[PDB]
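Listed here are the chains, written in short residue letters.
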Amino acid sequence: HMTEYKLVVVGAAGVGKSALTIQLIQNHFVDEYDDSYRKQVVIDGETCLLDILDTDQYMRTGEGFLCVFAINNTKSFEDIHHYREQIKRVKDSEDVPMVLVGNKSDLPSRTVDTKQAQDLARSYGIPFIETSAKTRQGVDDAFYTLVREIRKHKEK
Ligand SMILES: Nc1nc2c(ncn2[C@@H]2O[C@@H](COP(=O)(O)OP(=O)(O)NP(=O)(O)O)[C@@H](O)[C@@H]2O)c(=O)[nH]1
Ligand SMILES: [Mg+2]
């Protein structure tokens, strides 16, 4: 009675992968942290069980990927290329469900502009969503959009 979606969250250290996952799950912002999580949620009339790995037999079996950088961490943005190449390598495909997420939108120290990010996402043929795990802006959007990209890609 529920559709399972296996989602994987990837990106450089400190970008807020856990904090995003934890917002989605417990609607709380964790300043201080350090596996798999489940969330049941209705998306467009379908009861979904999200199976989320916050980072292989999850890399190879993942159905969709959130590729996260922080908008105040130019390196993390530059690293996205590597993570996308990694995902492509495991799946012999240039069409893997994926969303580029620019996190920490609440912070003032912004070194990656919305147009760099938009340009990168356009080149890959994927959505870009800006988030803050702190304020919760964009978080549901990012996960719901990923679910929708998986459905666009294959029957579920
Ligand atoms: N203002 C603000 N701060 C944020 C936001 N999101 C996270 N933070 C902050 O950075 C955290 C570090 O993020 P984590 O979730 O642990 O990062 P991971 O990518 O999981 N690292 P790893 O497990 O690969 O080592 C933490 O100091 C603080 O909560 C956000 O949106 N805004
Ligand atoms: Mg983490």
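Conventions and cut-offs
- Residues numbered from 1 in each chain as written, not as in the entry; some residues may be left out.
- Chains lettered and ligands numbered in written order.
- Heavy atoms only, no water.
- Helix = DSSP H or I, 4+ residues; strand = E, 2+ residues; numbered from the N terminus.
- Rg over C-alpha atoms; globule rule 2.2 N^0.38 Å.
- Buried < 20%, exposed > 50% of the residue type's maximum accessible area, 1.4 Å probe, protein only.
- Areas by Shrake-Rupley, 256 points an atom, 1.4 Å probe, with all protein chains shown as cover.
- Near = heavy atom within 4 Å.
- Polar contact = N/O pair within 3.5 Å; in protein donor to acceptor, adjacent residues only side chain to side chain.
- Nonpolar A, V, L, I, M, F, W, Y, C, P; charged D, E, K, R; others polar.
- Pairing = 2+ DSSP bridges.
- Axes fitted to C-alpha atoms, helices over the stretch in contact; angles between N-to-C directions.
- Contact = heavy atoms within 4.5 Å.
- Parallel < 35°, antiparallel > 145°, perpendicular 65-115°, else oblique.
- Left-handed = near helix turned anticlockwise from the far one by under 90°.

In the PDB header, X-ray crystallography is given as the technique by which the entry was determined, and 2.0000 Å as its resolution.

A. Up close: the overall build of the protein. A count of helices and strands for the protein gives 4 helices and 6 strands. Taken from N to C terminus, the helices and strands of the protein fall in the order β-α-β-β-β-α-β-α-β-α. The C-alpha radius of gyration computed for the protein amounts to 15 Å, which stays within 12% of the reference 15 Å derived for 156 residues, consistent with globular compactness. For the protein, buried positions account for 49% of its 156 residues. Counting every atom, the protein has about 8,300 Å² of accessible surface; 44% of that belongs to carbon and sulfur.

B. Highlighting the site of ligand 1. Surrounding ligand 1, one finds 18 residues, the nearest of these being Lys17, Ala19, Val30, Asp106 and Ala133. Within the contact set of ligand 1, a nitrogen atom lies 3.0 Å away from a backbone nitrogen or oxygen of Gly14. Contacts to ligand 1 include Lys17, whose side-chain N or O atom sits 2.6 Å from an oxygen atom. Burial of ligand 1 by the protein chains amounts to 76% of its free accessible area of 660 Å². Per-element accounting of the shell around ligand 1 gives the leading share, 3 residues, to helix α1 (residues 17-26). Here the shell around ligand 1 is built from residues that sort into 8 nonpolar, 5 polar and 5 charged.

C. Quick look at the sheet that holds strand β3 (residues 46-54). One open sheet holds the 6 strands; their spatial order is β2-β3-β1-β4-β5-β6, and the pairing between them is mixed. Across the chains shown, the open sheet's two edge strands, defined by having one partner strand only, are β2 (36-43) and β6 (128-130). Between one strand axis and the next, the sheet turns by 25° as a mean value, whatever way the strands run. Here strand β1 (residues 3-10) runs beside β3; their pairing, made up of 7 bridges, is parallel. When the sheet's bridge partners are listed, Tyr5 is paired in β3 with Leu50. Sitting on the sheet, α1 touches β1, β2, β3, β4 (64-70) and β5 (98-103), and the angle it makes with β3 is about 155°.

D. Here's a closer look at the packing of α1 against helix α4 (residues 139-151). Packing of α1 against α4 brings their axes to within 10 Å, and their N-to-C directions diverge by 90°. Judged by the angle between their axes, α1 and α4 are roughly perpendicular. Where α1 abuts α4, its residues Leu20, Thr21, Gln23 and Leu24 lie against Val139, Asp140 and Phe143. Taken together, the residues of the contact of α1 with α4 break down into 4 nonpolar, 2 polar and 1 charged.

E. Representation of the packing of helix α2 (residues 74-91) against helix α3 (residues 114-124) within the structure. The geometry of α2 relative to α3 is characterised by a closest axis approach of 11 Å and an angle of 15° between their N-to-C directions. One finds that α2 runs roughly parallel with respect to α3. Along this stretch, α2 crosses α3, giving a crossing that reads as right-handed. Contact residues: α2 offers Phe77, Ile80, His81 and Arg84, while α3 offers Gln116, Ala117, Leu120 and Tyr124. In terms of residue class, the contact of α2 with α3 is made up of 5 nonpolar, 2 polar and 1 charged.

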